[PDB]
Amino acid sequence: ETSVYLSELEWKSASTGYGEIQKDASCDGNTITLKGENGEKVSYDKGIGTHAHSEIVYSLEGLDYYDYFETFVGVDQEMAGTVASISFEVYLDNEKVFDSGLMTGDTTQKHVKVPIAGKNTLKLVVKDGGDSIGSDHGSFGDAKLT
């Protein structure tokens, strides 16, 4: 495969603040949507939908073929207009490689492209923005190894 969506992979472990970690859907089971730079929604066919506090861990064993982990991140726009407040962190082995800082409902999505050469484990974290988990629907749009 020229690219492998995370939603094709099985995780080593996964926690979430609500429900199921959803493959190719938001945590509420909708098409994943994030806030675009034009103010409008951007919809994603593939991705991972979860809820703060969430930690999802993937082994990269047998996936050393790929150069980058790539995803868009943001508050899932099913929660536009709410108190949603989260941050995204990405780890490769035991170091943080991406940190969005605080993102609320109207915060434009961010793109992640981090190199995975020589790494064995990819960990995705969605934190609760320092308040509560209320409305903390965080989605990884187009999340993939490529």
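Residue positions are given as counts along the sequence shown, with the first one as 1.
- The mean C-alpha temperature factor is higher for 113-121 when 113-121 and 53-61 are set side by side.
- The PDB entry reports B-factors from which the mean C-alpha value can be compared for 32-40 and 77-85; the larger average falls on 32-40.
- Within the listed group 134, 138, 17, 130, the record reports its top CA B-factor for 130.
- The entry lists a Cα temperature factor for residue 48 that places it in the lowest third of the chain's modelled residues.
- In this PDB entry, residue 99 carries a Cα temperature factor that places it within the middle third of its chain's modelled residues.
- In the deposited entry, the Cα temperature factor of residue 25 sits in the middle third of values across the chain's modelled residues.
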